[PDB]
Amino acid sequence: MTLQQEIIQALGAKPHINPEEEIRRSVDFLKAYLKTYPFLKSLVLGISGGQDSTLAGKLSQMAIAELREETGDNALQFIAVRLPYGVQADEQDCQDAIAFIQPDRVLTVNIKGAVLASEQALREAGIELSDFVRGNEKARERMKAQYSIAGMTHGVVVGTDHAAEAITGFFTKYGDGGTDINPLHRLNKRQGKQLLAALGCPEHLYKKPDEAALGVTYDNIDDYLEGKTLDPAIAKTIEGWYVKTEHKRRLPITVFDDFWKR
């Protein structure tokens, strides 16, 4: 088995998908999970106006709306959470995503105060954070906010992770990686677009140096996930990120694990 085959199998990616089938698979997964744990009443999701959260938000609201009609349980709620860093105006993509999703509830939580407070406590301890590490700090504060909301609303936190994000480990460990249920896991980036098109999402919310990584485009990543043969330089770069970030796609390491050993 080649490394490309191992990566594809681990992430569950397929060369082609039926969008209507995948929309239903995701919605029914969310519903079946909620029905298994009937004390759960909410799906919680950070929304930004980006492709991934717009898709996961639409699927989550559909799951809730259907289950609410079937069970008559008016306590069931989809909770969209805007998580801006600072009072930085109001973005149109996010507003358009909200109009499309029609969420039951929208909460807005400004994470800047907490991130700055974390930084000051570290500063007093003698540690000055870089801009790079502060980005991960922000992602962890967004995780924290969603978990606090879930904690107060019998909720679970929906994640936007999918194959085209996971392959390179291009997410923050216990930040946007810290979630409960991931309805987009298996899909590549262009496939996410096919689902949004099938759902009637406004094209400007998903229609596209813009690259996934240095010298690697999203078309490169999706082609790799679909089993295609790329330039060895592109494939090697993709494979290098996957191997480097194995720790992000596995549970904390114990004396029983062997995957990391040479």
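All residue numbers are counted from 1 along the displayed sequence.
Unresolved deposited residues lying between neighbours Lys208 and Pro209:
Per the record, 10 or more deposited residues are absent between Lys208 and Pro209.
Which wins on mean Cα temperature factor, 83-91 or 128-136?
Going by the record's values, the stretch with the higher mean is 83-91.
Output the stretch having the higher mean C-alpha B factor in the entry; the candidates are 56-64 and 226-234.
For C-alpha atoms only, the mean B-factor is higher in 226-234.
If you rank every modelled residue in this chain by C-alpha B factor, which third holds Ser42: lowest, middle or highest?
Its C-alpha B-factor, which the entry lists for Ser42, ranks in the lowest third among residues of this chain.
Sorting by Cα B-factor within the chain, modelled residues only, which third would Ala99 end up in: lowest, middle or highest?
Tercile = highest for this residue's CA B-factor.
Taking the chain's C-alpha temperature factors as the reference, tell me which third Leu196 falls into: lowest, middle or highest.
Its C-alpha B-factor, which the entry lists for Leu196, ranks in the lowest third among residues of this chain.
Looking at the C-alpha B-factor of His204, is it in the lowest, middle or highest third of its chain?
Highest third - that is where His204 ends up once the chain's C-alpha B-factors are sorted.
Would you mind checking where the Cα B-factor of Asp28 ranks among the modelled residues of its chain, as the lowest, middle or highest third?
CA B-factor rank for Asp28: lowest third.
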